Amino acid sequence: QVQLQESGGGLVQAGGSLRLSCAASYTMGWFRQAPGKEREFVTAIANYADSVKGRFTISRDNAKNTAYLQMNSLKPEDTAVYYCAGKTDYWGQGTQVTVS
Amino acid sequence: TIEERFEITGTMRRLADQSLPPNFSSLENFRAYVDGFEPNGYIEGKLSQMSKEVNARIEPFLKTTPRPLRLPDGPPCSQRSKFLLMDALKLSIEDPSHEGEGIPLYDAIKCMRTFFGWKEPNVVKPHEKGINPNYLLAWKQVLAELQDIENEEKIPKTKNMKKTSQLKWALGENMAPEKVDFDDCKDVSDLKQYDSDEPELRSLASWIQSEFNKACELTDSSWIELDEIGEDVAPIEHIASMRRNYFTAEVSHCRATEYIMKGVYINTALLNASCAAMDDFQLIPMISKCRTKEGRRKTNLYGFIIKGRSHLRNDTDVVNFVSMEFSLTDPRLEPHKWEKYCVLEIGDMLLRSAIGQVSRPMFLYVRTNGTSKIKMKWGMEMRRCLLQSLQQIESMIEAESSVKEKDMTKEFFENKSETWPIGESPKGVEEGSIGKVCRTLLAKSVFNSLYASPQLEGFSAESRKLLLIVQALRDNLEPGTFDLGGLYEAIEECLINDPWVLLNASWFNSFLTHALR
Amino acid sequence: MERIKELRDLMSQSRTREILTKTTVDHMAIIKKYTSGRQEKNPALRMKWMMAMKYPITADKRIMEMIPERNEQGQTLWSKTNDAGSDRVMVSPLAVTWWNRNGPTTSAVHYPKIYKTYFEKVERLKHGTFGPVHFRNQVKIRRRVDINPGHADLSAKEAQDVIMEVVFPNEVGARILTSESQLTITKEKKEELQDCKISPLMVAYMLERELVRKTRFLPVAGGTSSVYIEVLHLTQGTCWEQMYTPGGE
Amino acid sequence: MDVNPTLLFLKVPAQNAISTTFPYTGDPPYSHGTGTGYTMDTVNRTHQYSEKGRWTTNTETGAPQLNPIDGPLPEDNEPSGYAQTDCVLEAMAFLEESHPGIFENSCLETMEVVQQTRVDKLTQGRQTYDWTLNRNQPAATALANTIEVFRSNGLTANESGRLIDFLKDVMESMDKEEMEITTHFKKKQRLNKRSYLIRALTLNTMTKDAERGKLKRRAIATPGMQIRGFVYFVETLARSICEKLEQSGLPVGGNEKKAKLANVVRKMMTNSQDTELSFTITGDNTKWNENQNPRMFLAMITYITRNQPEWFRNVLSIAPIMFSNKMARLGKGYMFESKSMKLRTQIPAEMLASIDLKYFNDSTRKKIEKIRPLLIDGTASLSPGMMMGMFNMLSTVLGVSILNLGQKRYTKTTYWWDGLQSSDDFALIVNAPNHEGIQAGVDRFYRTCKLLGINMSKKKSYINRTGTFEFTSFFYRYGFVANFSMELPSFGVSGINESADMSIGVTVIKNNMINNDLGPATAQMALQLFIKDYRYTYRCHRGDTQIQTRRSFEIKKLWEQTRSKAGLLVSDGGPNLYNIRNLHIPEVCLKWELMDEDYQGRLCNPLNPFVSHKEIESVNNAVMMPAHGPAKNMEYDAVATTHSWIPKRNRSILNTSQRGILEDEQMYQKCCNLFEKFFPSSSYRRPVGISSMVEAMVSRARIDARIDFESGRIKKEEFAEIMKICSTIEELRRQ
RNA sequence: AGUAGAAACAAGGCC
RNA sequence: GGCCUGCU
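Structural data, given as structure tokens:
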């Protein structure tokens, strides 16, 4: 029932900024997967993992039906596919973020 | 055959004629009217005729509606505990005896002989309302009689002290007015009722906040030695035992547990002495036995309690005692917290520190306090604070584990990934692991048991009401109120002078400020 | 012999004679409950306060002729001062423990036969077999269930006549039990407890508990059987279920 | 960082952690002195909520009474006791229409019970105000004293052994010119008609202690013995009625209350479609008892008992007739202190009528000035309303009538409401197509409540969307949530005896695990703490320790004497084998197979001088007054051991002029023991009949000697000795 | 003095 | 000074 589409990824400069957005068909989470690993917690809505706290902000518009991840001061270690997720189970396909 | 006859007659009939609506003359007529009565839309007529100002209009409850609770203003709040909590000092022996095992007086004397540096006591901070020289003389008397016990053959299990004028004043002896008859005392102008008015108003101080802060901190000892249980046979029993072991590891090294043991022991000894030695003043050393990290058992002597005459008939009758406790905290920095204490200088202590060695002063907090049978009984059941707290934590764990079909205790206690808001720092709200929540709830329960009062009950009820309303607001349930000002006035009348309830009100105001966003 | 003798001794003194003469049988209960002792409002507080006294409990006068007034070191075990409104004497709790180490001994083989319910519970649990604990949300729904697992399909009054005829065969009065189930129960519990000397009142109380059906409303999830409800605290929880099979099955 | 537990509610919902908001780990508030001030305040408050009524003076008691019924309709939201007779009669009529046959049936069972009830049923009650001594005494003692006085005055119909006959005698006493009472200081005093009327219509006022949840203390009342039979019958009728009403929750327990609340919320919300909005009001009624006029209860019962035998109507109507003229004793009195002369004094409340007002403060001075006009013979007339929930069930009936009056058949509008009422508390689920509809529905419900003398506390009430509410400390949030803080005070030693305390503690742990969702590890911790406190309270330590106590020597020798020490009870200094699986087993039976036969026999010996059993009712029933609730009784499983002793009694009667009561107690107990030895079934089934003691005892001596010879120990010598001794006691009773 | 908080304790009564 | 009571 809940489909999810991520937007706002791409190639960015180190120290740059990026606004991810996840449109949907509930609490939301943002998770990431680097090419050599499984899922890493980024944010949920608020709470932020240690590797991303203070740099990144999660927000949502319940009238647009969208969750946002505002990423700032990006590091090469943030390079991952960023997946949006919905819970009462529902996972997006993920948007590629590449920081260099 | 027989017919039962229950006839109203005589005086009882006339009473029946005077217990009717205003426009009825006899019970016969009223019963006839009732039997002949049938509904013909009479509620509607009076509802239409009734004034429209009689309404229950719903006032919407929004984020901007609730205002912070006002706290009373006045002289700072004082200390009410029956013993020192944050400023206690421990003299130890490192003996292998268990909590109840041993004899009190010998242990106290042995612990006190472990300290060297005694000085002739002198006044540092006076009581400001009593006779401090009496406290000084009482301390020296206690020392002298302790030596007197040390000399003789076998340390008595319980000692009685002499009834000198010093402790006669300190314990309030022969001060109750003599009971007489009204017919003999009517012309005395000063004769009036007992003073019955609202307690004095006092504003909150910052010392209770720090005391609670350090009441939730870990320690270098285990202050709970639990009893035995039947060997676990069911897997659920194994899960319960593992959970219980985790919580015991978390809470045993906590100042709240030390306060629990202190209060339980002190109140038990005081009640037993009052029930046994009703007439004669009795000496009781404050003893608490812990276990070090190395595993060696240890005893600790905070001070002494002198119990006075305790002919307690009613549950509210008061037994007065005088408490003496060693400490290192100078009372010249927060004098308003020690309004009812007399503090002397009794020695100097040397604790190993990298700054040469401190050679700190070592003071004696001496005060006259009192309790009652109900207070003693309830203070000797302080161990149920452990229950309250850990039941709350286990309810949290079970509720979260009902989501993920698996027991979630081990990762909660080891990974420490999840955290709950358990305090606010100037930077913002601070979250701590589940163990810190355990300790915080345990400290809250302990302080509830220590600073219990009617103010606490009233504020708790009338603030739980507002907390439920605020929770409904935060849940998007369109909460409404009929008279919110009345509820606010009901809450604000419970805050008078108790430090604990005022701190709870300040916490509630902070929670409202952080909530409603 | 004795009974009528203290009867005559009572009637010898004028006050007790008047009490015996003017008081009718129906008022028996009233005067038996006639007491100045108020029912305690806070039992825990006073139990914690009385036990710190010497001689805090009460015992029949006969204790003065079975237990010595003092033990080896001289700690007093009983006092000769009677209670407030009774002929019983106040005694120390040691007189209890003393009775358990040097007091008279008897044959307690028949207590298992009397306290049938509790021993049946013990036997059922001893042979029980536990299982894995499954963690999942339990939908506890509130239902009316029978707690007593040995009820013989009798009500309170229905089994009260059976109990009297089993214990007090002469005070039955008009009633002669018709149902044959009651006949067999009377026969069994008569031949089983023929010489048991615990007390008529306790025997009657435990027979009432065992035979009379009792029901209470409880939050249950599954189970619903009488044997599965006594262990409802151990098998069902907020987020965990513990499979259990009592020894009976 | 500053620690703040309240901030925990920012992540955990309020109801999921509501236990933290219950400070039930400290001493509850207690009253210290007289309750006279509270009694006077309550009387004045009850009289001024009905000030606009009409005043009269009773021709029998001569006391001023205020009748507000059918008075002017309220024009403000303040509490008002101006109930309208026609409105309440119509409400009862609609209640009957929605539940046909309710009143007739309930009256039938009540008639059965009243005509088969016995006098002894009045002994099964707590403290009651004995007028023979003007003080509170146990129900049995007061009943016995009143029966003795009646028999001395010539009212001996109660000898029939029927409660209805006792009430007949009580009413006949009202028409006597001069009764006689006994006082010890024995003196025979004569009471005229009016004095006895006031003594029979009066109530005794005390202060309620151990009341958690409010800053101020309250006053409660206890009635006499003349009026308790009528109250019993009226409450029997009301209970039979409420048992047929699903909207009532007073005659049920807690779990039934929760089940009914869940059912009603599901019914109201589920039936509501998407267009209808639903709102729950968590309502409390301010001054519930002070605004309920006994005359209105009289009206309700006379409507209920229509088309019934006139004697039934009269006997059920006597009670509200007496409540409408009820008087209240002011209380213990007032204590004064003089610091200049350093003395104290205690003036009884009866002097408040004449004592000067120089000794009283402004508040008490004004209270006395306002209540003096109502003072008659040291007691104040309290006609306008009930004092303390004596008619709980009738009040619940009225509230249920109000609740049912909005079944959408009487509302005649889109909005409608339902809910659950338990006296002084209610939950009201109101549905309506729009917020305006909800507002109109709640407004009309409030208005109708004000027409029945019932007021809604706006300060302690709030309305939200359905799904979250409260009811009698039960917090519903999409399903009831356990609290466990209400039962915390019951986790200690009860205070009955050793075996009883052990069984009660383990059973309480078990029950709170079943009902209040107590966790396994928490239950184990509770067991450990309870065992520790139990050992420290009864001076029964493990025995292998060196904790010197007054009982540590005998325990240690018993320990060293026993071979299988695992079978020793915790009361005798043995190990604790209890666990989550063993919480439903008595200690004796759990350790039965481990005990040594010598210790087992010594422990469970019938000849022990400690065990004492009085009646079937008091075998294994313990009265534990629960926190935040009325006194309750619990069945606890225990084996009669030497540890089942009963504790010492007060013993302070010896210093009072009422010292002869102890001699009467001893003589009555001796006679009762003799009768029980003569009639073994005396305890289990209370004997009935109209003969006297000695007749039954002597005749049974005859017969038992006979038959026990026809087979048994007796011999001709002894049988004839008994026969002629029976003749001797016969001729002694002759003279 | 102290406990405590809308009234009390800080022993009572009897010789 | 001697003795009594500790929910009456």
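Residue numbers (the deposited numbering), protein chains in the order written: chain F, 1 to 25, 32 to 51, 58 to 100, 111 to 122; chain A, 200 to 716; chain C, 1 to 249; chain B, 1 to 185, 207 to 756.
The beta-carbon is built from N, C-alpha and C at its ideal position, and this holds for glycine as well.
Inset, instruction - Using the Cα positions of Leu-271/B and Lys-278/B, report the straight-line distance between them to the nearest angstrom. - result: For the purposes of this step, residue 271/B is identified with residue 250 of the fourth sequence, where counting begins at 1. For the purposes of this step, residue 278/B is identified with residue 257 of the fourth sequence, where counting begins at 1. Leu-271/B and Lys-278/B: Cα-Cα distance of roughly 8 Å.
Inset, instruction - Give the DSSP bridge partners of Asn-102/C, in chain order. - result: Within the third sequence, numbered from 1, the residue matching residue 102/C stands at position 102. Beta-bridge pairing links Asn-102/C to no other residue.
Legend entry - Contact the stretch 587 to 600 of chain A vs the stretch 10 to 21 of chain B: 3+ CB pairs below 8 Å: Between the stretch 587 to 600 of chain A and the stretch 10 to 21 of chain B, the count of C-beta pairs closer than 8 Å reaches three or more; the two stretches touch.
Inset, instruction - Please check if any C-beta of chain B sits within less than 9 Å of the C-beta of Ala-433/A. - result: Within the second sequence, numbered from 1, the residue matching residue 433/A stands at position 234. Yes, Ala-433/A counts as interfacial toward chain B.
Inset, instruction - Report yes or no: is there a C-beta of chain A within less than 9 Å of the C-beta of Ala-648/B? - result: Looking up residue 648/B in the fourth sequence gives position 627. Not an interface residue.
Legend entry - Inter-residue Cα distance where the pair is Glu-692/A and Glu-120/C: If you number the second sequence from 1, residue 692/A lands on position 493. If you number the third sequence from 1, residue 120/C lands on position 120. Distance between the alpha carbons of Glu-692/A and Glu-120/C: 57 Å.
Inset, instruction - Out of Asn-222/A, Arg-454/A, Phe-525/A, state which residue places its alpha-carbon closest to the alpha-carbon of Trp-317/A. - result: For this step, residue 317/A is matched to residue 118 along the second sequence. Selected option, being the one with the closest Cα: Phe-525/A.
Inset, instruction - Please name the residues in the stretch 189 to 220 of chain C whose beta-carbon is closer than 7 Å to at least one beta-carbon of chain B, in chain order. - result: Here the close residues are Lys-197, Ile-198, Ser-199, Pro-200, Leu-201, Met-202, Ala-204, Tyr-205, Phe-217, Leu-218, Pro-219.
Inset, instruction - Would you check whether the ligand PLP has a heavy atom nearer than 8 Å to the C-beta of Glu-688/A? - result: Looking for the ligand PLP in the displayed structure turns up nothing, as the structure carries no ligands at all.
Inset, instruction - Name the residue from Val-323/A, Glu-293/A, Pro-320/A, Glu-300/A whose alpha carbon lies nearest to the alpha carbon of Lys-309/A. - result: Translated into the one-based positions of the second sequence, residue 309/A becomes position 110. Proximity to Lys-309/A across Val-323/A, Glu-293/A, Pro-320/A, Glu-300/A peaks at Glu-293/A, based on C-alpha coordinates.
Inset, instruction - Enumerate in chain order the residues of its own chain whose CB-to-CB distance from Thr-42/B is below 6 Å, with the five nearest sequence positions on each side excluded. - result: What you label residue 42/B is simply residue 42 of the fourth sequence in a count that begins at 1. Sequence-distant partners of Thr-42/B (beyond 5 residues in either direction) whose C-beta falls short of 6 Å from its own C-beta, in its chain, are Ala-240.
Inset, instruction - Check whether the Cβ atoms of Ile-505/A and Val-700/A sit closer than 9 Å, and answer yes or no. - result: The residue labelled residue 505/A in the question sits at position 306 within the second sequence. The residue labelled residue 700/A in the question sits at position 501 within the second sequence. Not in contact: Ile-505/A and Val-700/A (Cβ atoms no closer than 9 Å).
Legend entry - Residue-level contact to chain C via CB, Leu-548/B, 9 Å cutoff: Against the fourth sequence, residue 548/B aligns to sequence position 527. Output row for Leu-548/B: interface = no.
Legend entry - Opposing strand residues paired with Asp-2/B [DSSP bridges]: As a position in the fourth sequence, residue 2/B is number 2, starting the count at 1. The partner list for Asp-2/B (beta bridge, DSSP) reads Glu-623/A.
Inset, instruction - Tell me the start and end of each unbroken beta strand (DSSP E) in the stretch 399 to 444 of chain A that is at least 3 residues and wholly inside, in chain order. - result: Taken in chain order, the whole beta strand (DSSP E) runs of length 3 or more contained in the stretch 399 to 444 of chain A number zero.
Inset, instruction - Would you verify that the beta carbon of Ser-585/B is, or is not, closer than 9 Å to some beta carbon of chain C? - result: The sequence position of residue 585/B within the fourth sequence is 564, counting from 1. No, no contact with chain C.
Legend entry - With 16 other Cβ atoms within 10 Å as the buried cut-off, status of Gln-160/C: Taking the first residue of the third sequence as 1, we reach residue 160/C at position 160. So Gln-160/C counts as buried.
Inset, instruction - Between the Cα of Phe-574/B and those of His-110/C, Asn-148/C, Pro-219/C, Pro-93/C, spot the shortest distance and give me the residue it belongs to. - result: Numbered from 1 along the fourth sequence, position 553 holds the residue referred to as residue 574/B. Measuring from the Cα of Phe-574/B, the nearest candidate turns out to be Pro-93/C.
Legend entry - Range covered by the beta strand (DSSP E) that runs through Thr-58/C: The count along the third sequence starts at 1 and reaches residue 58/C at position 58. Element bounds for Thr-58/C: 57 to 59.
Inset, instruction - Would you give the residue range spanned by the beta strand (DSSP E) that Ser-359/B belongs to? - result: For this step, residue 359/B is matched to residue 338 along the fourth sequence. Per DSSP, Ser-359/B belongs to the beta strand (DSSP E) from 354 to 359.
Legend entry - Pick from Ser-443/B, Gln-124/B, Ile-637/B, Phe-344/B that is closest to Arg-209/C, judged by C-alpha positions: If you number the third sequence from 1, residue 209/C lands on position 209. Checking every option, the nearest Cα to that of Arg-209/C belongs to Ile-637/B.
Inset, instruction - Can you tell me which of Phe-699/B, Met-714/B, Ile-164/B puts its alpha carbon nearest to the alpha carbon of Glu-206/A? - result: As a position in the second sequence, residue 206/A is number 7, starting the count at 1. When each option's Cα is compared against that of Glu-206/A, the closest is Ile-164/B.
Legend entry - the stretch 227 to 234 of chain C contacting the stretch 146 to 157 of chain C, beta-carbon criterion three pairs below 8 Å: Judged by pairs of C-beta atoms under 8 Å, the stretch 227 to 234 of chain C touches the stretch 146 to 157 of chain C, as three or more such pairs exist.
Inset, instruction - Using a Cβ-Cβ cut-off of less than 7 Å, list which residues of the stretch 607 to 632 of chain A approach chain B; keep chain order. - result: Going along the stretch 607 to 632 of chain A in chain order, one finds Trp-619, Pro-620, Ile-621, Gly-622, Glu-623, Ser-624, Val-628, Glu-629 with a Cβ nearer than 7 Å to chain B.
Inset, instruction - Quick one: residues in its chain with C-beta nearer than 7 Å to the C-beta of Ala-689/A, no 5 flanking neighbours on either side, listed in chain order? - result: Taking the first residue of the second sequence as 1, we reach residue 689/A at position 490. Once the five neighbours on either side are set aside, the close Cβ partners of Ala-689/A are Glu-661.
Inset, instruction - Count the other CB atoms, across all protein chains shown, that sit within 10 Å of the CB of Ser-416/B; report buried if there are 16 or more and exposed otherwise. - result: Numbered from its first residue, the fourth sequence carries residue 416/B at position 395. Buried.
Inset, instruction - Alpha carbon to alpha carbon, how far is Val-323/A from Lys-626/A? Give it in angstroms, no decimals. - result: In the second sequence, residue 626/A corresponds to position 427, counting from 1. In the second sequence, residue 323/A corresponds to position 124, counting from 1. If you take the alpha carbons of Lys-626/A and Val-323/A, they lie about 39 Å apart.
Inset, instruction - Determine the burial state of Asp-62/F: buried for a count of at least 16 other Cβ atoms within 10 Å of its Cβ, exposed for fewer. - result: For the purposes of this step, residue 62/F is identified with residue 50 of the first sequence, where counting begins at 1. Exposed, by the Cβ-count rule.
Legend entry - alpha helix (DSSP H) segments (min. 4 residues) lying fully within the stretch 111 to 196 of chain C: Within the stretch 111 to 196 of chain C, the alpha helix (DSSP H) runs of at least 4 residues that lie entirely inside it are, in chain order, 111 to 114, 116 to 126, 156 to 167, 180 to 192.
Inset, instruction - Check whether the stretch 554 to 570 of chain A touches the stretch 521 to 536 of chain A, counting contact only when three or more Cβ pairs, one atom from each stretch, lie closer than 8 Å. - result: A contact exists between the stretch 554 to 570 of chain A and the stretch 521 to 536 of chain A.
Legend entry - Proximal residues of chain A, C-beta to C-beta of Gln-242/C below 8 Å: Here residue 242/C refers to the residue found at position 242 of the third sequence. Contact note: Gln-242/C reaches chain A through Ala-433, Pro-434, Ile-435, using a C-beta cutoff of 8 Å and chain order.
Legend entry - Nonlocal neighbours in the same chain, by C-beta distance under 7 Å from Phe-166/B, ignoring five residues either side: If you number the fourth sequence from 1, residue 166/B lands on position 166. If we look at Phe-166/B and ignore the five residues flanking it on each side, its Cβ neighbours are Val-119, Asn-158, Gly-250.
Inset, instruction - Could you check which residue in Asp-382/A, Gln-556/A, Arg-673/A, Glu-677/A has the C-alpha nearest to that of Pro-369/B? - result: For the purposes of this step, residue 369/B is identified with residue 348 of the fourth sequence, where counting begins at 1. For the set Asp-382/A, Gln-556/A, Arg-673/A, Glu-677/A, the Cα lying nearest the Cα of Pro-369/B is the one of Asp-382/A.
Inset, instruction - Closer than 6 Å by C-beta to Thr-120/F: which residues in its own chain qualify, once you throw out the five before and the five after it? Chain order, please. - result: As a first step, residue 120/F is located in the first sequence; it is residue number 98 there, counting from the start. Take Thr-120/F, set aside five residues on each side of it, and the residues of its chain with a beta-carbon closer than 6 Å to its own are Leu-11, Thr-91, in chain order.
Legend entry - Under 8 Å from the C-beta of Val-122/C: neighbouring residues of chain B: Here the question's residue 122/C lines up with position 122 in the third sequence. Proximity of chain B to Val-122/C at the Cβ level (cut-off 8 Å) is accounted for by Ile-606, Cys-610, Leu-611, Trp-613, in chain order.
Legend entry - Exposed unless 16 or more other CB atoms sit within 10 angstroms - verdict on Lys-140/C: For the purposes of this step, residue 140/C is taken as the residue at position 140 of the third sequence. Around the beta carbon of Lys-140/C, 16 or more other beta carbons lie within 10 angstroms, which makes this residue buried.
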